[PDB]
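**Student:** Starting off with a structure, shown below.
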Amino acid sequence: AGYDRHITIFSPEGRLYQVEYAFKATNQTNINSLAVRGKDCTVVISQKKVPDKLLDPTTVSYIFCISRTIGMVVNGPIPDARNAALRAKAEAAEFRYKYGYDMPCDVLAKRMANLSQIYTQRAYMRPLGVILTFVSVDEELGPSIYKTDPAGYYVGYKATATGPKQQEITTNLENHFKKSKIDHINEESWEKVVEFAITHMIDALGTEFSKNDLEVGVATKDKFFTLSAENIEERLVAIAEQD
Amino acid sequence: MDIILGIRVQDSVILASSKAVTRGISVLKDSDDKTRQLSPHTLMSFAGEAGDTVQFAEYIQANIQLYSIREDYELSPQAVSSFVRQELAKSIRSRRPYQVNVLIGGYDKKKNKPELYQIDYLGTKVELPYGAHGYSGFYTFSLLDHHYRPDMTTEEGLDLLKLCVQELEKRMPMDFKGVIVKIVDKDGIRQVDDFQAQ
Amino acid sequence: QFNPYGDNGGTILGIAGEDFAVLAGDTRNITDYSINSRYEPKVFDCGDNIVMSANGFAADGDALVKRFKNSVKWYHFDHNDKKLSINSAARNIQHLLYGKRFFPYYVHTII
Amino acid sequence: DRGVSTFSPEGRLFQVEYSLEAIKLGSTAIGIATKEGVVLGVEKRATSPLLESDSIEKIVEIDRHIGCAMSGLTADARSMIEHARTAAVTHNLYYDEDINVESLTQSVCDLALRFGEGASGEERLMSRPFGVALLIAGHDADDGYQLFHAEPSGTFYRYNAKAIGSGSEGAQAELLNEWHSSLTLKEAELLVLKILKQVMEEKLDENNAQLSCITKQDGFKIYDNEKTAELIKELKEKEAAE
Amino acid sequence: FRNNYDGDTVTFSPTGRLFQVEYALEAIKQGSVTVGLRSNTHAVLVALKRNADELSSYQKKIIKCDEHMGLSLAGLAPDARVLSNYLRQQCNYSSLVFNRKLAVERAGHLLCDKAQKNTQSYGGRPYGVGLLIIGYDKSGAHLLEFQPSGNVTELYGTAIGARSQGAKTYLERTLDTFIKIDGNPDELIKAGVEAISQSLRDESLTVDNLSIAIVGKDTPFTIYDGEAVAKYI
Amino acid sequence: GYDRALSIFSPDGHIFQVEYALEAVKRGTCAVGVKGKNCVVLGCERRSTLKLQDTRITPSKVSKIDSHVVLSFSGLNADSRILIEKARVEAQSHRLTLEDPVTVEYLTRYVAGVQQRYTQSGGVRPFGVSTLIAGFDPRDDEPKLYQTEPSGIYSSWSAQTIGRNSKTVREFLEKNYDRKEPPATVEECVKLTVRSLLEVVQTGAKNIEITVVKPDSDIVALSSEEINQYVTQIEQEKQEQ
Amino acid sequence: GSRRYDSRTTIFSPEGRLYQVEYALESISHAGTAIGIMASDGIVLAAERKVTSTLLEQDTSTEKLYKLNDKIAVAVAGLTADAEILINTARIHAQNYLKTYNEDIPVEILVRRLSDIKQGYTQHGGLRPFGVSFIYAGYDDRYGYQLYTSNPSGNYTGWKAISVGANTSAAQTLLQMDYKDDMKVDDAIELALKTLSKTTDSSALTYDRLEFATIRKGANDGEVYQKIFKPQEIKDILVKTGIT
Amino acid sequence: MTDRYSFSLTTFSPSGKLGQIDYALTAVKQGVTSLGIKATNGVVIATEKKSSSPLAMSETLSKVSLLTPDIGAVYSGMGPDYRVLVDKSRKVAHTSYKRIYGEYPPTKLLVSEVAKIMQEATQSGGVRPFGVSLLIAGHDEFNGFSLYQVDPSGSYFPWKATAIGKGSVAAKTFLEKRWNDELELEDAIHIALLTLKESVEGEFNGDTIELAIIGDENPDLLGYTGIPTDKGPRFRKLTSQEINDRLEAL
Amino acid sequence: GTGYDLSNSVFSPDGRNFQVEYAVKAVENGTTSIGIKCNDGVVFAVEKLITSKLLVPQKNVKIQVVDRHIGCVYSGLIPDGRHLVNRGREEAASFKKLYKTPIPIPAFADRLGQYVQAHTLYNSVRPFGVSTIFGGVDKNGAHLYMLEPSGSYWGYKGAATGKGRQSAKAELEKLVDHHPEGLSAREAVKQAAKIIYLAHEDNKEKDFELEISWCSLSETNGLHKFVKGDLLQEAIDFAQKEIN
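Residue numbers (the entry's author numbering), protein chains in the order written: chain U, 6 to 34, 34A, 35 to 143, 14A, 144 to 179, 17A to 17E, 18A to 18D, 184, 18G to 18H, 18M, 186 to 218, 220 to 240; chain X, -1, 1 to 90, 90A to 90B, 91 to 105, 10A to 10C, 106 to 181, 183 to 193; chain Z, -9 to -1, 1 to 70, 70A, 71 to 101; chain R, 9 to 123, 12A to 12G, 125 to 144, 14A, 145 to 180, 18C to 18E, 184 to 202, 205 to 209, 20A to 20B, 210 to 233, 235 to 244; chain S, 4 to 60, 63 to 180, 18A to 18F, 183 to 204, 206 to 207, 2B to 2E, 210 to 233; chain Q, 7 to 62, 62A, 63 to 143, 14A, 144, 14B, 145 to 180, 18A to 18D, 182 to 203, 206 to 243; chain P, 4 to 63, 63A, 64 to 144, 14A, 145 to 200, 202 to 204, 20A to 20B, 205 to 216, 21A to 21B, 217 to 218, 21C to 21D, 219, 21E, 220 to 239; chain O, 4 to 102, 10A, 103 to 147, 14A, 148 to 200, 202 to 209, 20A, 210 to 217, 21A to 21B, 21D to 21P, 218 to 236; chain T, 5 to 180, 18A to 18F, 184 to 199, 201 to 206, 20B to 20C, 207 to 218, 21A to 21C, 219 to 241.
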């Protein structure tokens, strides 16, 4: 009887508690992230928290370069995050080898969503306690954000956020898009899109950031890259000369 | 190649099978029974490669006997021959095929008609009024094409065989040491003991 | 093509006396018309008062002697240190050899 | 539930311990070791007079120089006997000699712990331990007449005398007093028959008990009912005499 | 508490304990006492063998692994058989492939690793035996202690089994003496026999009761039983 | 894949799954076997929970394993088919390799071995079946009767019964079967079988079937009337007293 | 590990019954009733559709009566999907037999084999049994018309008349009451319908809530015909027997 | 490692229920309403695109999926479960049919295959039933137009019209009142659009509604010309614009 | 309800895997061990409790080399630690065989990461009862790492685990502040010795033995080596002096 909460079998209410608690695990790191689309770029911002002084801050990341074109940011504990990363890299490599073109952002999302679906149905595999946000400038769909969860759900976004204060960031962004009446940030240079993303991150979280409180990934035509501390400092300086 | 002959008359099937077993330079036996009773009304004669011959026969025998006990029923000659055919057709494409040719003679108690099936090691089956394997048919098929009638009695079929054996004993190069003859009719399978000087 | 066999030449000799036995062999090892060694022992003490030689293809010879030595070691382990009688060694050797019936050790062995 | 190879807090294997309780419920078996041979006797214990007593086979031959008696779930002994016969015959094929009784026993005891739901070591494919104990008796040139007690724990002890089954504690105390290093085979036969009579729930006769021995000269033989009947006449008379 | 976490080896208790492993360790303390000790030229095993009845044999406690290595057991005998057999193989593989006698230290590492697997997987159980390994190799005399937890430890002397703490205290106290007992085998055994008796209670150690093993410089691993140990009583 | 140990020991030394397998036998319709001087007779009862059956094609309770050996059973019907099949296969295999049909004891040892195996293999439950196996060894004319149970224990019986109310019918048989003087005739052996069955069935024309096995593969199952004649003669032995 | 979550589908109760079988039978007892009647000149299969709606396409619908062979058909009581698994393997077994022997499979042989599959799920493998009971209606040249039944236990028996599914106790009483050995198919068709009409958990027996099959030696051939009745054909036969 | 769950997770309870199947059906009840209606010259399937955020792009998530050029599917219950079944359904349509008879399977047989996949998840070791009900609409030469419902048990039934999910009972009723055997395809689209309005709470337009038809052949949607016998898929998704054009005459 | 802590891969209602957290308790129950990164390498050190005079000193070595350039030390269940290094050694062999170059330290860290993470994915295995500090020199410098029973790892400037982790972690924090210009290999060896003497206070009941190893571009030529003889004594002395 009581074991319908230990494995991924249905509860009388038609629920899967293990999947629900997996969602709970995604907020364990207490970090928020958000993603936006430029005219021809895609930006991902994520909080960076280095409590321990003993750590080497350069190895403390939750963003991943999946391929030359695809970036992934993870909300959830680092071990499950790296597990998902390794797999997605192996999948992106394999796809290229077998089909002769680069795996699209949405397709890799779907693939990872399907893998998570399996853990949802088979009892020996636990769900991973992670939400995965995939970003790129797809050669067909343009700037792309695709996000998967421990239920095996996935969908494309105009913009998105994930983490403890997800709802605050979401509404903030929604409010900008009702006003602008368009589905992206009308900006030619990724630098200004990064700046927009940080700005709205600040407004919704009510917090100021130094160069070491964030982590930025940018995806362009044919590259995905991460910004350095100094790259971010340059961004933070520019937003200040405006307020 | 052993002489394996079969003829189907009015009310029975008769099988004649050579008694010699020869290995290289020596005739080792002159009393070999190249035959297995598959069921009370079905008989199988066989010729071919040295070991495969009895191994395959005894294996088919085992299978039919098992079926008889499970179902408390005797399979028709047609059903038995199809089973045998499929077994040989499996064999031909396996790692080491059974190199065995068979004649199946049975009396179908349901229809009250005798039946003779010729099947080679490839699993080629045909139903015939008379049949042979190997070189035998090269001498006998023309005798039988001539003297055979569908309404012949058992006694008539035996005289026709005697003729076939005489032709084989005149024109064939190997001494096959006479034949054992068996009759399959409504009453079962019996062995003609008097063929050495009939 | 690859030929897994060679011939290291080499001759051995066993004579049984009333209360003793000898196993002798030459010490020459060869390949075609060359000498590989003028002193490569080919008769070995195997323990339990048993001497053995497997003459022919040296690589096969060495494996067999090696494998029978290890058989004596385990006989002791598995049967409370019992002495392996000569007749029991003989029978054991049969099985070692016959285990390679379809890829034989190319040796003539005397114990 | 709980794994079939689980330790108790006292450091014993549950399933093995419970297996011993099954042994306790079995028919009695006794062995005596002498310098003239080793006797093995058992209690047939038919569950009904309609059962044909001589079809109860609780003393079996393993090889000419080795026999054994069983107690507990006797159905479990069949594949143990089978392994035992194979081990002995195989040894003779490989070595042109008789297997040592100790070696044969160790081989049987090797089977014992090969149970589990997939234990990380080798392949133990057997769902539970055996529910039968074994008295293995025989002779070899090195170590003479021998008696072993082989348990489903995989351990085996050598005994001068030993009793297993329902009447074992009683029979063992009796064996403790009666055994000495100078019994004769005839004394040993009478002694087994006597002690069986004490612990048996029927009146011992040639039908409901069976004797057997192993001697270097004649090997292992099961005594037919006539011979045992006479030994019982003989024991009844030697006891009535005092 | 304890009731809920001792079901299998694959389960941690809330304090970080593995109860099945602890229970396996219990099987050892229920086992008869054995002692190991070494100088710089020899290593010795002394074992007290235990009977079932006055009619029974005293069950063997010392197993040879190679000409230069062997061990004494306390706990489940069959598990000693499994592990010593694995050790026989590893010693053997070393001789065949490399023409190298296997280092006692390395034998220790292999035993540790084999035992460890059985403490991390479902369906399996820990070993229920402690082992004292002695050997002479290219770095001299050695004594190791094996625990089914997978902990292997090199020592000058030690004891495991029922009332083992007696002999272990004696050995700790006698340390500076026996470690020098070089070139003299009989005295090393004497120091072992005097160690094991510090754990006696039920009974003296008799002829068919004592078991002694010795390995060293020019002495292959050999077992002494009966009349052969009589001169040490 | 599935290898859960289902037959395991409990603290009092019992294997409960084997023990409960016996309870399924106690629930099966009664079966009895008696041996004569020159025959063996097998009798089985038919249940009457549902009656509208076709008797022609309903699998009957006594099975031929070879032409000289027969098997009957109490317990789960489905479980018994598997044992019947394996026994039939072994019979043919034995003839094929040994060039001799099975002895009754050999066949019994085989079936019992199979049952034992299902008491100590992961992923399987024991057979809910106990068997009576009877017939004559090749070329022997000494009758043979054996019994097997879920544990894999087997033994031979002068007479034996299994299934529901076997306690009752065993009592009858224990004080009606004289080992000194087996029913020397086929007829009086069939009579003793029907008598022992009537202590339990309570009025059985269509509820009793009988099979007679004599040496050299002589096996025949009786009809209702041939049985009904035995029912008539037995009831009149009481009434004339 | 896994053991914790193992229901243990193939064990005996302390009383020697098989839990999952008993509970499977319990499931079947809620399925639309199916009835088979055997005559001298053929067999009748009648089954009640469990639950209906105006929008159920009965034209294309099949849920109780399946063709296995040309000579053998079944009626299903229980889980439809579980039954389809078994149906498909039964169809293959028939073709395997025909290929091997060049003769159509005797009815019992096919029934025994399906019962054996069922039996396996009862003794090994740790899986739930199929929640299905079959009525088999067939013809062969050994025994003629035959009627069999099999349930989750993997036991099978032959019948003159029988019902599976819901209300079998009530239905068996009625069949036993009106059945006679010298029955003709046409009478048997009537009996099958009458019985269902008195046992339905629904108001009145309409055509759109039935499936009907006959196996007859139709006297115009001197070969055996399987007829799976169309909706209009059930509608007609319903009128003639006086149920309109 | 190794999947050691080789036992069933769906078993019979003493009442004869299969719990996990019931529970799967309960999950299906929670799902957004979807429906199918059969016309004389077509079938229509429809559902609501319940957007989980207005930042999400609803178009990127298709609830209505092509299975073959003449067969489409829609669902209610767990979206991720559906998505994998659609993958296996497309594949099985090939491996078990197109690769054997060189043509796409008829609706009843593709349905039969899906039903098999779901039944297996009801019995196989170490899994839970699928938490979806499918509605599969299609055409084939010999059967014409046909609508099927597949449930977590693997049972399927042909419908003239039906609905599953949240407002199934209510919508099933409304279909009974409006369905006849003479409906044209447009008549059915209209009736579908009416039925779906009662189910949605918020916005009701061509961006929220996903609706597809199985109708006439679409030579314009083939991609090539030259084989006269290929005249074009019968499956067609209606565009956002196509929906709204009909909602005005509502 | 409860029972969430009885099985390995199971999420508690607060998104935690309790079985892993219980493993962490086994780690905290262990001896203390540390890692210090320096200007061109890494230094490893561990406490070795003298259970008895009978332990042969300098013999029961606990620090392990992987390949030729990687050091690994751990706290907790020692057998579990060994198991992890065995896998680490295979993982390095496999990388070198295919790519020729010896495995980069980050790359090595993830191999261990994924393997440890794998043992938190199923209920058929138990998580690792160790925290492992490891690192070495590669193409682009020195790297230090600590890996938790959950599979969590990060790069560290200094690292500590076991009974005296707090003391050690405190001392480590001091050096990072006072030496922003980057400790040397020589100094780190001394400092390491001190840190272990100062974490021994939280275990001061049983004497102990010190064990140091290091991997330094200038001092060891990038190869992992143990600190022995003269340089070991000097470091004990440096520590023993500042305990007073």
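Positions of the beta carbon are idealized from the N, C-alpha and C atoms, including for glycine.
Do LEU81 (chain R) and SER167 (chain R) have their C-beta atoms within less than 8 Å of each other?
**Tutor:** Taking 8 Å as the Cβ cut-off, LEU81 (chain R) and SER167 (chain R) do not qualify as a contacting pair.
**Student:** Which residues, in order along the region 101 to 135 of chain U, keep a beta-carbon less than 9 Å from a beta-carbon of chain P?
**Tutor:** Per Cβ criterion, the list reads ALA127 and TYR128.
**Student:** If the criterion is Cβ atoms closer than 8 Å, does the pair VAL120 (chain T) and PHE132 (chain T) meet it?
**Tutor:** Going by C-beta atoms, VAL120 (chain T) is nearer than 8 Å to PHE132 (chain T).
**Student:** Output needed in chain order: residues of the region 68 to 99 of chain Q with a Cβ under 8 Å from some Cβ in chain X.
**Tutor:** For the region 68 to 99 of chain Q, which is checked against every Cβ of chain X, the residues closer than 8 Å are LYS69, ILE70, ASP71, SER72, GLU90, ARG93, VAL94, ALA96, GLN97 and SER98.
**Student:** When you compare the CB positions of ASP104 (chain R) and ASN40 (chain Z), do they come within less than 8 Å of one another, or not?
**Tutor:** Against a cut-off of 8 Å, the Cβ pair of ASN40 (chain Z) and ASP104 (chain R) comes out as no contact.
**Student:** May I ask you to report which of helix, strand or coil DSSP gives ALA96 (chain T)?
**Tutor:** Correct three-state label for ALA96 (chain T): helix.
**Student:** Please classify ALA85 (chain U): does DSSP put it in a helix, a strand, or coil?
**Tutor:** In this structure, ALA85 (chain U) counts as helix in the three-state DSSP scheme.
**Student:** Using a Cβ cut-off of 7 Å, pull out every chain Q residue sitting near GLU57 (chain X), in sequence order please.
**Tutor:** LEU101, listed in chain order.
**Student:** Mind listing the chain P neighbours of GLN125 (chain O)? Cutoff is C-beta to C-beta under 7 Å, in chain order.
**Tutor:** By Cβ distance, chain P contributes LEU129 and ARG130.
**Student:** Compute the distance between the beta-carbons of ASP142 (chain O) and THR174 (chain O), then report whether it is under 8 Å.
**Tutor:** Their beta carbons are not under 8 Å apart, which means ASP142 (chain O) does not touch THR174 (chain O) by this criterion.
**Student:** Which residues, in order along the region 121 to 132 of chain S, keep a beta-carbon less than 9 Å from a beta-carbon of chain T?
**Tutor:** Residues passing the 9 Å Cβ filter: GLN121, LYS122, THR124, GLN125, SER126, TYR127 and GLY128.
**Student:** Express the C-alpha separation of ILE101 (chain Z) and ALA12 (chain Z) in angstroms, rounding to a whole number.
**Tutor:** In a straight line, the C-alpha of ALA12 (chain Z) is about 10 Å away from that of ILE101 (chain Z).
**Student:** Leaving out the 5 sequence neighbours to the left and right, which residues in its chain are closer than 7 Å to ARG122 (chain R) when beta-carbon positions are compared?
**Tutor:** Within the same chain, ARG122 (chain R) has close Cβ partners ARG126 and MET128.
**Student:** Just the C-alpha distance for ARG20 (chain R) and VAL65 (chain T), rounded to the nearest angstrom, thanks.
**Tutor:** Cα to Cα, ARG20 (chain R) sits roughly 33 Å from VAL65 (chain T).
**Student:** Mind checking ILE54 (chain T): buried by the 16 CB within 10 Å criterion, or exposed?
**Tutor:** So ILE54 (chain T) counts as exposed.
**Student:** Just the C-alpha distance for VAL40 (chain Q) and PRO17 (chain U), rounded to the nearest angstrom, thanks.
**Tutor:** The straight-line gap from Cα to Cα measures roughly 57 Å.
**Student:** Since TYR232 (chain Q) meets chain B, which of its residues come closer than 8 Å, beta carbon to beta carbon?
**Tutor:** As a matter of chain content, chain B is missing from the structure shown, whose protein chains are U, X, Z, R, S, Q, P, O and T.
**Student:** Would you verify that the beta carbon of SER10 (chain P) is, or is not, closer than 8 Å to some beta carbon of chain T?
**Tutor:** Not an interface residue.
**Student:** For the region 45 to 57 of chain S, which residues have a CB atom closer than 8 Å to at least one CB atom of chain T, in sequence order?
**Tutor:** Hits within the stretch: zero.
**Student:** If the cut is a Cβ gap below 7 Å, which residues of chain O does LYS17C (chain U) touch?
**Tutor:** Residues of chain O passing the Cβ test: none, with the nearest at roughly 13 Å.
**Student:** Would you please verify whether the beta carbon of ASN82 (chain Z) is less than 8 Å from any beta carbon of chain R?
**Tutor:** So yes, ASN82 (chain Z) belongs to the interface.
**Student:** Indicate whether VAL190 (chain Q) and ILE212 (chain Q) have their beta-carbon atoms separated by less than 8 Å.
**Tutor:** A contact, by the Cβ cut-off of 8 Å.
**Student:** Of the residues X:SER136, X:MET166 and X:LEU65, which one's Cα is nearest the Cα of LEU154 (chain X)?
**Tutor:** Per the Cα distances, X:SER136.
**Student:** Could you give the distance in angstroms between the alpha-carbon of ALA120 (chain R) and the alpha-carbon of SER225 (chain Q)?
**Tutor:** For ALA120 (chain R) and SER225 (chain Q), the distance between alpha carbons rounds to 52 Å.
**Student:** Quick one: residues in its chain with C-beta nearer than 8 Å to the C-beta of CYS45 (chain U), no 5 flanking neighbours on either side, listed in chain order?
**Tutor:** Result list for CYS45 (chain U): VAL141, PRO146, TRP186, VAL189, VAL214, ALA215 and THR216, in chain order.
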